[PDB]
Protein chains: 2
Amino acid sequence: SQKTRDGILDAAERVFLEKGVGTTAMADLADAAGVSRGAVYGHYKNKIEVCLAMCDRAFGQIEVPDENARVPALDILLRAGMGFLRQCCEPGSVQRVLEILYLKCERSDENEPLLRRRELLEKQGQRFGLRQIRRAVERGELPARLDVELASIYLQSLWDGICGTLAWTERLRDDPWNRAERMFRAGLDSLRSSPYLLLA
Amino acid sequence: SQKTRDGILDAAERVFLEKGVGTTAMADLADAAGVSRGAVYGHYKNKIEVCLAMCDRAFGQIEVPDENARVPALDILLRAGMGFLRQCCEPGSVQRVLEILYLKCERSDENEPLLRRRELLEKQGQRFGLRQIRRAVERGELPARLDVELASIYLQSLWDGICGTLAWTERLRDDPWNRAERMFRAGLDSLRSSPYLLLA
């Protein structure tokens, strides 16, 4: 029975992608899903509910890197940034959801729980990076007296920057993935060997 | 008489900022402007017209760096990127206009001329950077066999990245301007001393 549960969520990704979350209604879900208006309701209370639930399934799909593997911390930092970026711009459920969440989700008071979930993602992330760079210095891989904070701001900016050039421009339409990786690596060097990122 | 011309444009920046360009109408301009509906019409045909005109005044306000000054080309590249970023996030007419143009301007077929103007800005810019980095290598300031294209993609990403952290987060709410400059400089080093940005 709960297999039909999948039917609405994947149903939903499209519905929400097709029209915004504020304008989409609970019947229209059952339509695209193929189910009866009651069925959908059975499993869920509100469309908002169906929505949080669709977002969870899709975060369980984000690959979790192994924070504790015998490699350089920056090797972990990069792999994740490269795995994750991939998922944002390849064509699975995760890329859908994020596009739903950021673009097709109004700032109403109703979408508060959506908004919160989102920021949770943003923070979970921003902090993960902050952990990796921290370790690198501690692990000797990067200059003690590296200005950690500004450093993240640097990496985090760079990411977002190329994120916006994949979607949406044709600048990395040719070989994208080895190239981004080059940019990321080159981003990581500057932490390593660049004066202006140390403190005081 | 044409001094009232200013009155509508500055009038406009607010009106368009207040409600989008698609929803704003030509009477409402005269309202905020203080002028009569006929006056506004006298100087301009369409609201779209008033709008292109508002955008021009505000691009004449973008500082043009001296492409031909006896300094390093990257000194020119940075100054401009630092002057210009400033104008996007300090509180003059230019910052208004851009916010109007990017956020509060629908993708309708009507706003085509607006859209075009915009991209013109984007291209004028992207090309300016491409000129500066080009020169640097030619001028010996950067590795011949530097992969020019990927390099810009790198700088252009980084910019956009910090642009999005000024607006909109509190991450550079403390000292922003010396810090961004640090990031930019550190961005420029990586072109200089980073393997992954050369070709072949």
# chains A, B, ... in the order shown; residues from 1 in each chain; ligands from 1

$ residues_around --residues "segment 92-95 of chain A" --least-positions-apart "6" --cutoff "10 Å" --atoms "only C-alpha atoms" --output "list in words"
residues 9, 10, 13, 14, 54, 55, 56, 57, 58, 59, 60, 61, 62, 84, 85, 86 and 101 of chain A

$ closest_atom_pairs --of "chain A" --to "chain B" --cutoff "6 Å" --atoms "only C-alpha atoms" --output "JSON lines"
{"residue": "A:157", "atom": "CA", "partner": "B:161", "partner_atom": "CA", "distance": 3.7}
{"residue": "A:158", "atom": "CA", "partner": "B:158", "partner_atom": "CA", "distance": 4.7}
{"residue": "A:160", "atom": "CA", "partner": "B:161", "partner_atom": "CA", "distance": 5.3}
{"residue": "A:161", "atom": "CA", "partner": "B:157", "partner_atom": "CA", "distance": 3.7}
{"residue": "A:162", "atom": "CA", "partner": "B:157", "partner_atom": "CA", "distance": 5.3}
{"residue": "A:182", "atom": "CA", "partner": "B:196", "partner_atom": "CA", "distance": 5.2}
{"residue": "A:186", "atom": "CA", "partner": "B:196", "partner_atom": "CA", "distance": 5.9}
{"residue": "A:190", "atom": "CA", "partner": "B:190", "partner_atom": "CA", "distance": 5.7}
{"residue": "A:194", "atom": "CA", "partner": "B:186", "partner_atom": "CA", "distance": 5.9}
{"residue": "A:196", "atom": "CA", "partner": "B:182", "partner_atom": "CA", "distance": 5.2}

$ write_last_selection --atoms "N, CA and C atoms" --output "mmCIF file, in the first residue's frame"
data_model
loop_
_atom_site.group_PDB
_atom_site.id
_atom_site.type_symbol
_atom_site.label_atom_id
_atom_site.label_comp_id
_atom_site.auth_asym_id
_atom_site.auth_seq_id
_atom_site.Cartn_x
_atom_site.Cartn_y
_atom_site.Cartn_z
ATOM 1 N N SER A 157 31.706 30.679 -1.749
ATOM 2 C CA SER A 157 31.478 31.539 -2.917
ATOM 3 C C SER A 157 31.804 30.819 -4.215
ATOM 4 N N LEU A 158 33.000 30.254 -4.299
ATOM 5 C CA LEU A 158 33.453 29.695 -5.566
ATOM 6 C C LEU A 158 32.442 28.663 -6.046
ATOM 7 N N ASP A 160 29.100 28.174 -5.326
ATOM 8 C CA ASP A 160 27.938 28.921 -5.810
ATOM 9 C C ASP A 160 28.141 29.557 -7.187
ATOM 10 N N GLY A 161 29.216 30.321 -7.326
ATOM 11 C CA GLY A 161 29.692 30.774 -8.625
ATOM 12 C C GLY A 161 29.656 29.778 -9.784
ATOM 13 N N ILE A 162 30.269 28.597 -9.654
ATOM 14 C CA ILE A 162 30.227 27.648 -10.771
ATOM 15 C C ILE A 162 28.852 26.985 -10.872
ATOM 16 N N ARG A 182 38.929 21.031 -11.763
ATOM 17 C CA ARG A 182 40.108 21.872 -11.856
ATOM 18 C C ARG A 182 39.882 23.147 -11.052
ATOM 19 N N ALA A 186 42.072 24.248 -7.821
ATOM 20 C CA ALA A 186 42.726 25.553 -7.855
ATOM 21 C C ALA A 186 42.189 26.464 -6.755
ATOM 22 N N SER A 190 44.645 27.903 -3.279
ATOM 23 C CA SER A 190 44.801 29.270 -2.826
ATOM 24 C C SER A 190 44.702 29.296 -1.315
ATOM 25 N N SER A 194 48.186 31.042 -0.303
ATOM 26 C CA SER A 194 47.884 32.423 -0.604
ATOM 27 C C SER A 194 47.824 33.240 0.649
ATOM 28 N N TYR A 196 46.855 36.280 1.347
ATOM 29 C CA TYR A 196 45.679 37.077 1.688
ATOM 30 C C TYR A 196 44.601 36.313 2.450
#

$ closest_residue --among "B:33, B:136, B:148, B:167" --to "residue 199 of chain B" --atoms "only C-alpha atoms"
B:148

$ atom_distance --atom1 "atom CA of residue 87 of chain A" --atom2 "atom CA of residue 16 of chain A"
18.8 Å
